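Right, one structure below, let's go through it.
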Ligand SMILES: Cc1ncc(COP(=O)(O)O)c(CN)c1O
Ligand SMILES: Cc1ncc(COP(=O)(O)O)c(CN)c1O
């Protein structure tokens with residue numbers, strides 16, 4: 001393969017078989033476009049999601065360093081903190097989570113239910129902060145405290161979106177390419193774009209495996225101006241570590257996340273209702289509902305390169321449905 | 001070979017590949033015994049569970065008879081209603097759910113979060129009743145009213161547990177035999193025993209594929225005296241349908257569900273905490289927490305036939321964690 005360098009990296013096995021790639025016949029009949037879905041929401045640990053693919057690489061690295069503790073950061077309802085805390089429990093590592101409340105809510109289900117409930121079941125040590133103004137710096141400061149309490153911490157950045165963690169999405173792109181050879185004319189792929197490892201890993205893999213496909217990131221927290229340089233830097237870092245070329249443009253749509261990270265919106269929630277009622281698929285208010293709202297509007301406004309099939313990357317997130325209900 | 005008549009029943013494809021069968025090393029270390037887990041909680045539709053295995057057969061049968069509406073019953077937080085509603089939404093079938101509040105709670109997360117919240121996403125028609133005093137009669141009365149609107153209803157009993165729904169768990173037993181072949185010599189299998197389709201279908205399959213394995217049902221709702229005839233009637237009806245005999249004794253432990261169906265207990269809670277903290281695995285207060293508290297106590301009191309490996313069937317249930325929090 002041109003991606004054989006992927007095999008050099010130590011990785012734990014958290015997923016196993018390739019997740020399903022399915023046609024959505026009802027959604028496709030409704031929108032008048034062929035739509036497929038990559039089910040990375042079915043990864044098998046603690047209600048699943050896209051970060052288990054990153055943690056395969058990140059946590060192998062932690063064990064190679066002989067760490068006994070994983071430290072990461074996110075919102076109170078972060079799916080990434082959730083998955084990290086579940087993998088720590090599975091492997092008998094301590095977990096420390098630096099959390100913020102990004103939306104100033106006092107609603108009890110946001111503060112205590114959904115992913116935050118699961119953190120307690122996993123004996124995660126919780127450190128609250130007023131704001132994740134500089135997450136890398138704050139995690140480093142924290143890790144140095146914890147190391148001085150007798151532990152050996154390993155720091156996973158927000159979203160696990162380092163180049164190493166993003167190799168999980170180069171892996172997802174290999175599965176996608178294998179599964180789409182039985183999909184005449186896949187034109188576009190749509191994914192939420194936040195901390196950017198998913199988007200950037202897909203970007204590097206799909207450039208090599210499926211070069212005619214257009215990868216669109218629907219932003220969940222930032223403008224195209226603020227987000228593009230982030231995704232490009234990661235794209236280049238991953239491709240460097242794989243000794244691959246990466247010249248593809250990064251495409252981002254920023255119209256779908258207002259009024260901010262972590263705040264549900266109407267088109268988001270209508271997309272969650274559409275996917276649940278037509279296909280029995282569960283999206284989420286923060287990431288995948290907004291990304292799907294984007295895919296749907298892309299159809300409406302003819303925003304894609306052509307009218308051909310569209311593959312949606314389901315990255316997970318559905319446990320937050322229970323935290324966001326009935327409102328925040 | 002002896003389960004061959006199983007291929008005669010039409011069945012839809014909901015599950016796809018065999019679900020994981022995993023060793024639990026951290027729980028095995030704590031309990032002093034080899035514990036493996038069959039991950040039927042990762043079946044890929046709408047948060048998963050044991051009922052997708054029965055719905056493959058039941059919904060195939062609905063479609064063959066030209067039915068366009070599924071009608072079933074359970075508690076407000078039933079996982080079975082939730083799975084049925086999701087498969088209905090996926091196939092463009094109407095779904096009507098007769099629900100009761102079995103525990104008399106007014107707690108808002110029980111009334112409106114968890115599985116209950118998912119049903120509204122799947123456009124389920126909800127029919128409340130005061131109590132499921134005669135669910136088969138009550139479903140028929142409902143079906144008469146629904147047919148009067150021009151719908152073509154197919155009634156699925158509580159839990160899906162007819163002999164035909166049970167065939168899902170005869171199939172499960174084939175998977176488990178294959179997965180354990182030349183990998184582990186199982187001694188015992190533990191599963192929750194409620195409406196009894198899972199218990200009975202495993203009983204038939206295991207008697208024929210792994211006749212020396214002891215299968216233990218842990219009741220979730222009834223004493224041994226009240227539950228055993230239900231499991232035996234299914235067991236015999238399933239065997240009848242497959243042209244087989246089933247001479248095995250049904251085994252049931254009833255010490256772990258008090259004070260009743262859907263009421264959490266301390267040992268259940270402690271089993272949920274142990275599995276999350278040691279293995280990153282999520283159980284549930286109604287079914288699997290109680291079945292795992294039974295497994296634990298079975299080991300503590302030497303209730304099993306020997307000291308050999310035990311397979312726990314994880315039948316799902318975790319969305320209820322969000323409905324039971326913070327209390328009922
Ligand atoms: C469900 C879900 N989907 C998408 C994303 C965005 O993935 P990325 O962080 O790789 O941009 C996340 C981030 N935690 C997520 O949790
Ligand atoms: C999670 C869970 N586990 C176990 C059971 C009991 O299975 P059965 O009805 O086949 O006895 C149920 C019933 N719906 C369930 O939801």
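Data overview
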| item | result |
| --- | --- |
| Gaussian network model of chain A, Cα within-10 Å springs - most flexible of A:41, A:306, A:255 | A:306 |
| Difference of contour (0.36 nm per residue) and Cα-Cα distance, residue B:269 to residue B:68 | 68.4 nm |
| Rounded to whole Å, sorted largest first: equivalent-ellipsoid semi-axes of the stretch A:115-222, Cα gyration tensor | 35, 14, 14 |
| Degrees separating the helix A:197-209 axis from the principal Cα axis of chain A, which is the longest one | 50 degrees |
| C-alpha long axis of helix A:224-241 to longest principal axis of chain A, angle in ° | 80 degrees |
| Residue mean of other protein chain beta carbons inside 10 Å, B:318-325 | 5 |
| Spin-label zone in the stretch A:200-227 - amide nitrogen under 20 Å from a point set 7 Å from the Cα of residue A:5 along the C-beta vector | A:200-211 |
| Closest Cβ on chain A to the rotation axis that carries it onto B (distance rounded to whole Å) | A:322, 2 |
| Length gained when the stretch residue B:60-residue B:120 is fully extended (0.36 nm per residue, less Cα-Cα span) | 19.2 nm |
| Cut-off 18 Å, label 7 Å out along Cα→Cβ of residue B:183, residues of the stretch B:24-48 by amide N | B:24-28, B:34-44 |
| Degrees, to the nearest 10: A:51-64 long Cα axis against longest axis of chain A | 40 degrees |
| Cβ-vector label at 7 Å, residue B:66, separations to other copies in nm | 7.4 |
| Beta bridge orientation in the protein assembly as shown: antiparallel %, DSSP, nearest 5 | 10 percent |
| Estimated translational D of chain B in µm²/s (Stokes, Kirkwood radius over Cα pairs; 20 °C; 1.002 mPa s) | 108 µm²/s |
| Value of [θ]222 nm, deg cm²/dmol, for the protein assembly as shown, DSSP H segments ≥ 4, -39500 (n - 2.57) each, nearest 500 | -13500 deg cm²/dmol |
| Cβ-vector label at 7 Å, residue B:245, separations to other copies in nm | 7.3 |
| Distant alpha-carbon pairs in the protein assembly as shown (separation over 36 angstrom), percent | 37 percent |
| Cβ-vector label at 7 Å, residue A:25, separations to other copies in nm | 4.4 |
| Beta bridges by DSSP in chain A, antiparallel share as percent, to the nearest 5 | 10 percent |
| Separation in nanometres of the label points that stand 7 Å from Cα toward Cβ, at residue A:226 and residue B:243 | 6.9 nm |
| Gain in span if fully extended, residue B:136 to residue B:149, counting 0.36 nm per residue against the direct Cα distance | 2.6 nm |
| Burial order of peptide ranges A:281-289, A:222-230 (average beta-carbon count within 10 Å, highest first) | A:281-289, A:222-230 |
| Overall Cα dimensions of the stretch B:50-158, principal axis frame, Å, largest first | 41, 25, 22 |
| DSSP beta bridges in the stretch A:50-158 [antiparallel fraction, %, rounded to 5] | 0 percent |
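Cβ: placed from backbone, ideal geometry, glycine included. Neighbour counts: every protein chain shown. Since every read-out is calculated from the coordinates, none of them should be taken as a lab result.
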